[PDB]
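J.: Structure of the sequence below:
(2 chains)
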Amino acid sequence: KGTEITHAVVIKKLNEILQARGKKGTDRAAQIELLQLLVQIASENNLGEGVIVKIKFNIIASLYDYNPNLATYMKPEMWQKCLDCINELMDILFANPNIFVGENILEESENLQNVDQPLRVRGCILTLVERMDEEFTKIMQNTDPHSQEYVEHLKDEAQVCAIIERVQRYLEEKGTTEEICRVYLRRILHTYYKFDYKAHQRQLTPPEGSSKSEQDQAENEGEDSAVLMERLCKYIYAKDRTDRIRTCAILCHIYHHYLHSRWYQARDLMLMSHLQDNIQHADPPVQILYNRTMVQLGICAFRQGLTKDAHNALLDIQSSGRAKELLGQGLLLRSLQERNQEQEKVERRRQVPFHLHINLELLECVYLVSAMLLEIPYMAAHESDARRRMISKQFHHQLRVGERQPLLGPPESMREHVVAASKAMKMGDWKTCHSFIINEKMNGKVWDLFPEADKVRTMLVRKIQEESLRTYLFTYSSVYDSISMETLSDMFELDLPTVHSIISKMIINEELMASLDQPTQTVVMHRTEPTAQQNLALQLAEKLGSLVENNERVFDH
Amino acid sequence: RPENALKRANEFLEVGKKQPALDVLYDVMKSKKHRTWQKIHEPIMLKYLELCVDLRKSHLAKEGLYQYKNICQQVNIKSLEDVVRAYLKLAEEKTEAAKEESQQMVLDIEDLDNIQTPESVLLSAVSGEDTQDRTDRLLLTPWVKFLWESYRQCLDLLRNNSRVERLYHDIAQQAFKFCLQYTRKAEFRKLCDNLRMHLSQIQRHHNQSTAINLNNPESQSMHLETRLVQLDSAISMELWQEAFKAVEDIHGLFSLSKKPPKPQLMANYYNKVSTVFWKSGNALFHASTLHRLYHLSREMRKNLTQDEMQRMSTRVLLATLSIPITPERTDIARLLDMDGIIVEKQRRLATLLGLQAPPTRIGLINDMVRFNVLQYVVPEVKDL
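T.: Numbers count the residues shown, from 1 in each chain, chains lettered A, B, ... in the order given. The coordinates are given below.
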């Protein structure tokens, strides 16, 4: 039922299976049965063992061949059988070290160097794992975002990553030099969506109490092996000219440096790299990587409390209405342009797995809170008669669609919270402003996401204390003759260095005519008035008469 | 002929999961089998088939579309009975959902976090939430039926009493369960599209008028559903936008048909819910609604007699203390982008409410003092 004779018949049937496979209607399931039975009947060391390896190599290829005959992406039962078969093939390869390769020590019957090229055969083994790498990505792209299946199939990623570690420990310098460009990318695939907690566990668990130990100091060093390789690979890529991979890798390194290292290194590397010219010419996947890293840079800037840097780092994204399409969540009518469906079938098969998502609704909150903190003091200073720098289409426009609602009282929605926070910030009660931002983001499951939650809350608390004091001084400088600085310290719940720092910068960089005494803790100003404000508004209006009068002359001539 | 009843007997006894798939194909075929007009045998024969079809749950829309035209042969009892089925069609789907909704949580308690914690942390970090398939797939199927019956009311037309009597109260009574469980966003759309259907029905006049009070159970349902959703949780703007358009129609209809005392009393009760919501969201709308509430309730006391002296005393003291409390405008960006557009909507919404322009702080105190309800105010509050 095989054929009950040695060696040469099995080699003929492997050729028969390869020849049959390239014919269109062929019984691929029966070929898989026959390949399994050809493994079962083998008995001789070197030859039968190497025939099992040469067959097992083709079992993975046949399983990849079989599934597109009737759906989908690879069936999960077939994929788990590939996962088992790849591990057993790796265990046989780890046991073997080049038995059956020949390498002119034994030739009857050996040879992976003939029919042909032993390094090519050794390199093809990674390209078999790559078909499991493909199908796993396809499953986690097309399974539902909120299914229990999605949670379950996330468990298999550790099993895939463990196989990549088995493969990286089976090279072999001559395979390493050429596969390194793809292996660097595979290392990036298992790194470029990593979260805080693992970096926090290794860097913050007391070293006196922690691991002391032989297994632990394989595995811990194992985890930061990826960032050890990353630092080597940057230098190794100065040999290579695959600049789509170089541009993609640098964007991932900026993501890695921002999230798991320190926010200076991400800014240093981005300001070194200059990839603007590259992203135009480096295709949609690299452009999607640029968007992934750009979101992460703004989130990390927000996690260090820098509102300008956070606002500027999301500017490209938040001046674009097309962010929903970038994550594959586009509809075929939602302005008037979004066609045709036939092209969109390619695009939805490239963008994007749910476990690789970023939340846009959170991104809008980060951008709007960052902008709100900057622009509410800016409008308050200007329209209390320092009016000289208005920017047409900034935070005022995003506020405007919720500002003009005469029916808007309690919020349920994310945008309604921002309008409520803006209403609180315009009034200026800082404890009320904290309460609306903090409570409703615990209630909405949005504080929970980062172990830096209290650090970010503390930074936002201090920015609200500083800019509430700033709006308080801008509004009440309309009546204040003089101000004591003890009352400002206690009432805004701040230290005297912070209060002296806030007031001095406000006087110094809007260039206010206010006499500050730091030794006697007292501000004297006398800037009043109701009529003076109308006079400044009229003088601005008259200045825009002279500016237009002289613009008409420069059109004329 | 009797051969329909023999098949309907056989299919029901034979069963096993392959055969109901064949029954679904056969029921779609049976749905036009015999061009007759309902008298004795056909209602008896059809209703037993319809009961099997509801149990099979065959295709959702098609059975409905056939029922949409089968009921038109004057079969009044069969329409009412199908509305009684309509609660059962959805109710045991909420119990079936509840069986899974409870079952999954028992397993969640029985399993062990400490061997699922990496995935739990990743599921939180990716924000996929506390989600499970079995309740979701069960939740979608009654919602299709729920919409199909509201669409059916807009196509039943004319008399539609079985739907007017039961189906609106049952839709509201079911809607509360759906809103509490999850589907508030679907409920928000359902209220908006039901209002479009209601206004469209009023605009038909196809053997229908205000003299049989057809508008009143539909408006009563829409008021009860919007009022509960507004209290429990929803976005502020849209519930008010649809509710104000419904109030404009009802104010028209009440003025045309003459002012009806019990629906105006219900409108007074709805206006008390409105005053509390307006104290949270807009003091000017509270002042006009509360003044309207005290005016309308004063007229109801004159028209209908109300001896609830203690409750009237607490309600007058609540009115006098609550009414003048209107702060000033702190919305600086709104002032720059022109407050007058917000004022335009506030004036038109106040005219729609029926009390002209929003009342100003001193005048609102002054005319409330001139009203003889000041005499009735409680001593401690009066001397306050």
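
J.: show me what contacts residue 198?
T.: Chain wasn't specified; assuming chain A. For residue A:198, the contact set (Cβ atoms under 8 Å, 6 or more residues apart in numbering or on different chains) comprises residue A:223. The way it works is simple: take the backbone N, C-alpha and C, and place the C-beta from them, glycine included.

J.: that's the other chain; I wanted chain B
T.: B:218-219, B:222, B:246.

J.: Is it correct that it falls within a strand?
T.: No. According to DSSP: H, G, I helix; E, B strand; the rest coil, the state of residue B:198 is helix, so it is not within a strand.

J.: Could you report the distance from it to chain A?
T.: According to Cβ to the nearest Cβ, to the nearest Å, residue B:198 stands 21 Å off from chain A.

J.: ok so, going back, restricted to helices, list the contacts of residue B:198.
T.: The members of those that map onto helices under DSSP state H are B:218-219, B:222, B:246.

J.: Close to chain A: what parts of the stretch 151-300 of chain B are there?
T.: Contact residues, the stretch 151-300 of chain B versus chain A (Cβ under 8 Å from any Cβ of the partner chain): B:233-237, B:240-241, B:277-278, B:280-282.

J.: And the buried ones among these, selectable in ChimeraX?
T.: A single ChimeraX command selects the buried members of those (16 or more other Cβ atoms under 10 Å in any protein chain shown):
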select /B:234,235,236,237,240,277,278,281,282
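
J.: can I get the residues of the stretch 151-300 of chain B next to chain A in a markdown table with secondary structure?
T.: Formatted as a markdown table, these follow (three-state DSSP):
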| residue | secondary structure |
| --- | --- |
| B:233 | coil |
| B:234 | coil |
| B:235 | coil |
| B:236 | helix |
| B:237 | helix |
| B:240 | helix |
| B:241 | helix |
| B:277 | helix |
| B:278 | helix |
| B:280 | helix |
| B:281 | helix |
| B:282 | coil |
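
J.: Which one of the residues of the stretch 151-300 of chain B next to chain A is nearest to chain A?
T.: Set against chain A, the nearest of these by Cβ to the nearest Cβ is residue B:281 (2.2 Å).

J.: So the closest one sits against residue A:416, correct?
T.: No. Counting by Cβ atoms under 8 Å, residue B:281 does not reach residue A:416; the two are 11.3 Å apart.

J.: Could you check which helix or strand contains the residue of the stretch 451-557 of chain A found nearest chain B?
T.: At 9.3 Å from chain B, residue A:475 is the closest residue in the stretch 451-557 of chain A, using Cβ to the nearest Cβ. Assigned by DSSP states H and E, residue A:475 belongs to helix A:453-476.

J.: How about residue A:132?
T.: Using DSSP H and E, the element containing residue A:132 is helix A:118-142.

J.: For the stretch 101-250 of chain A, just list every one of the strands.
T.: Counting by DSSP state E, counting those that start in this stretch, the stretch 101-250 of chain A forms no strands at all.

J.: And the residue in it that chain B sits nearest to, how far from residue B:133?
T.: Chain B sits closest to residue A:146 of the stretch 101-250 of chain A, with a gap of 4.1 Å, by Cβ to the nearest Cβ. Residue A:146 is 8 Å from residue B:133, where distance means Cβ to Cβ, to the nearest Å.

J.: For residue 143, give me its contacts.
T.: Just so you know, I chose chain A. Applying Cβ under 8 Å, 6+ apart to residue A:143 gives the contacts A:149-150, A:153, A:354.

J.: that's the wrong chain, I meant chain B
T.: So residue B:143 contacts B:178, B:183, B:186 (Cβ under 8 Å, 6+ apart).

J.: do residue B:247 as well
T.: By Cβ under 8 Å, 6+ apart, the contact set of residue B:247 is B:352-353.

J.: The one 3 residues further on too?
T.: If you count contacts by Cβ under 8 Å, 6+ apart, residue B:250 has them with B:215, B:219, B:267.

J.: Could you measure from the second one over to chain A?
T.: What that stands for is residue B:219. Computed as Cβ to the nearest Cβ, the residue B:219 to chain A distance reads 20 Å.

J.: again, but for residue B:286
T.: 10 Å.

J.: and that residue, how many residues sit next to it?
T.: Around residue B:286 there are 22 other residues, counting by other Cβ atoms under 10 Å in any protein chain shown.

J.: Quick check: the residue of the stretch 51-200 of chain B nearest chain A.
T.: Nearest residue of the stretch 51-200 of chain B to chain A (Cβ to the nearest Cβ) works out as residue B:131 at 4.1 Å.

J.: which phi and psi does that residue have?
T.: Per-residue torsions, residue B:131: phi -120, psi 150 (degrees, to the nearest 10).

J.: Residue B:75 versus residue B:22, what's the distance?
T.: When distance is defined by Cβ to Cβ, residue B:22 is 29 Å away from residue B:75.

J.: Those two: who's more crowded?
T.: Higher neighbour count among residue B:22 and residue B:75: residue B:75, with 18 against 11, using other Cβ under 10 Å.

J.: what residues are up against that one?
T.: For residue B:75, the contact set (Cβ under 8 Å, 6+ apart) comprises B:38, B:43.

J.: With the one 10 residues further on instead?
T.: With contacts defined as Cβ under 8 Å, 6+ apart, the neighbours of residue B:85 are B:50-51, B:54.

J.: Residue B:252 too?
T.: For residue B:252, the contact set (Cβ under 8 Å, 6+ apart) is empty.

J.: which parts of the stretch 201-350 of chain A sit against chain B?
T.: So the stretch 201-350 of chain A never meets chain B (Cβ under 8 Å from any Cβ).

J.: Tell me the helices and strands packed up against the helix holding residue A:132.
T.: Helix A:118-142 sits against helix A:47-66, helix A:76-95, helix A:148-153, helix A:156-168, helix A:173-189, with contacts defined as 3 or more Cβ pairs under 8 Å, 6 or more residues apart in numbering or on different chains; DSSP states H and E.

J.: center of chain B, which residue is that?
T.: In chain B, the C-alpha closest to the average C-alpha coordinate belongs to residue B:225, at a distance of 3.1 Å (Cα atoms, centre = their mean).

J.: any idea which element the nearest residue to that residue once chain neighbours are set aside lies in?
T.: The spatially closest residue to residue B:225, leaving aside those adjacent along the chain, is residue B:172, at 5.0 Å (Cβ to Cβ, 6 or more residues apart in numbering or on different chains). Following DSSP H and E, one finds residue B:172 within helix B:168-181.

J.: how about whichever strand or helix holds residue B:318: buried residues?
T.: Using DSSP H and E, residue B:318 sits within helix B:309-322. Residues of helix B:309-322 classed as buried by neighbour count (16+ other Cβ under 10 Å): B:315-317, B:319-320.

J.: which one of those is nearest chain A?
T.: The closest of these to chain A turns out to be residue B:319 (Cβ to the nearest Cβ; 20.4 Å).

J.: Identify the residues contacting that closest one.
T.: Counting by Cβ under 8 Å, 6+ apart, residue B:319 touches B:290, B:293-294, B:373.

J.: Many thanks, I have nothing further to ask.
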